[PDB]
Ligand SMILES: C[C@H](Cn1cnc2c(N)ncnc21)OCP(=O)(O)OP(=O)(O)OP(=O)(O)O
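Next up is one chain by itself, shown in structure tokens, the form deposited without the ligand.
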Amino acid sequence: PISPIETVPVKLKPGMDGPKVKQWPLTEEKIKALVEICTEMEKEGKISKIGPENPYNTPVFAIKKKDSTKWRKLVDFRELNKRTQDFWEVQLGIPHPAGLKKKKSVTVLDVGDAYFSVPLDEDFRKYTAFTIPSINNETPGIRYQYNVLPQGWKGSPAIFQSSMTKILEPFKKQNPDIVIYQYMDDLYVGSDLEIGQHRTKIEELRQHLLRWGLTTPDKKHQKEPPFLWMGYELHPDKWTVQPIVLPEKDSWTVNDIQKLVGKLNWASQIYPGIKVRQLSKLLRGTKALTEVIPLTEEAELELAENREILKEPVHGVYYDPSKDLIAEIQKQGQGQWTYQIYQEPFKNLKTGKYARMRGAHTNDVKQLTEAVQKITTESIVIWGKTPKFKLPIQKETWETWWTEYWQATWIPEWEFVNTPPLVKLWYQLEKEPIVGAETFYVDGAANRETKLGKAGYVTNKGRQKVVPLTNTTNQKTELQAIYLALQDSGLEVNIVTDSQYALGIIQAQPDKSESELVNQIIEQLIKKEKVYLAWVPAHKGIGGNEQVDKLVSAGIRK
């Protein structure tokens, strides 16, 4: 029938008006198909014929779709969707199963003629007009108007949700503690009552909804236990995903991989192991999708590795507001991180992976901390509190990093958990100049136009060194310099650069990087006992450096 709910007042963006889009007449065939339909649709009271006094209207279309035997009606009000006001987005969030408590029993009540029963604002009813034509240019004009939430109209999704919650309020009042969650056209009643006892309440609800006009076509609380919701396979005790089938073959395009990469991402939710590093990186160079993307042994290896993990259908558990939440982290791969937050000492609640990409030349300790926060954030949203962290990193090591970082950070309660790799600042520069140790004055330049660079150094003993460099920009050689400096120094060394960049990186305490050059600066540093990196304004007259830059530019100038 029609719900006797309190309507909701809607309007068009100030300055706009009722869409004035006449309908292009289709074949007289569907013209009738429209007649037979609207007729009963009007008989139900959902519509009322009004032709003249409403100038506005929209295009009315009718065709078949998705293996059905009865005609369909496609009246998408997009133009109207453009002139209509904005509403409070029905669902600005994504509910995560992990944040749900297990119920002894649950069901789904299809509320598919949902909108059609909720009456639209007494005024707006006008702006929802559509024109019904006839055959051979003969047609007086059967203009119609909706009395309920239009099939497409922008407000429908919203108004309906706001109207349902009202519909249900009294019910859950006389009979509480029965989790009810409503996604658009799906009602999920859940509780901890025996199959029968439970269904006893469902009826109470159904008839309640029968009172408010929402006739649940489902003669009973009948629905497929393995509920498919947003890729989530749900049950009164566990959750997971399954359609994550990954096909393989020769000549896969950039589009193919991107899709495959996207797939691997979703599964990670519950399957602890998915690594999209190499595959995600191959997508680099966004431009042509149909362009066949080549995978190198590495990329191929990835697919293989993940593929089997997926083979394992790991189940996911729910949450319990009596056991303290825990978050364990493992340092995997190079720039990829994985984590699992759990309640029971062995039952995965939710799993995720932090993909390090924010910046190149990042300290691992920083990475962990980032992942920590990333986890806190995602936790807050889903559950309601911050979890205790099981962290693979020496406590005393943390104390060193935080105290000496320009940024401020915060890590809740977190205890040490010895896993495969330990988070530890590999090397570390000194604070004051080493007494005695040989001082090296590095320097490097490069004619940008010729890509010809030059590196070298000068110790406090007249030990000079210079080596030609090609296809190198000013900065790169600057590093190569400090490199040379490291190559022929001692366990204790002092280096003086002119580069702001060289100091920006090294002092960043980097460890990993897709930069062989930078990597070897780390290699040399990881070996030495004491190293002192110092910076002085270039081209301002500084001990040695002044002159250094001279022997470096011992030829072409830049």
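Residue numbers run from 1 along the displayed sequence.
Keep in mind that the form solved in complex with the ligand is missing from the display, and what follows is about it.
Given the pose of the ligand in the bound PDB entry, superimposed here by the C-alphas around the site, does the shown chain leave the site open or is it blocked by 3 or more ligand atoms within 2.4 Å of backbone or C-beta atoms? Here the site is blocked.
Within 4.5 Å, heavy atoms only, which of 123, 185, 312, 291 is in contact with the ligand in the bound PDB entry? Exactly one listed residue reaches within 4.5 Å, namely 185.
Please pick, from 491, 63, 35, 50, the one residue with any non-hydrogen atom lying within 4.5 angstroms of the ligand in the bound PDB entry. The residue in contact is 63.
4.5 Å heavy atom contact with the ligand in the bound PDB entry for all of 300, 307 and 337: Verified in the bound PDB entry; spot residues all out of contact, no.
Is residue 129 close enough to the ligand in the bound PDB entry to count, meaning some heavy atom within 4.5 Å? So residue 129 does not count as contacting the ligand.
Evaluate residue 144 for contact with the ligand in the bound PDB entry, applying a 4.5 angstroms cut-off between non-hydrogen atoms, and reply yes or no. Flag for residue 144 set to no.
Check whether residue 113 has any heavy atom within 4.5 Å of a heavy atom of the ligand in the bound PDB entry, and answer yes or no. Taking the distances in the bound PDB entry, the answer for residue 113 is yes, it comes within 4.5 Å of the ligand.
Would you classify residue 459 as touching the ligand in the bound PDB entry, given a 4.5 Å non-hydrogen atom cut-off? Judged by the heavy-atom cut-off of 4.5 Å, residue 459 is well away from the ligand in the bound PDB entry.
Residues of stretch 134-151 in contact with the ligand in the bound PDB entry (4.5 Å, non-hydrogen atom): Just 151.
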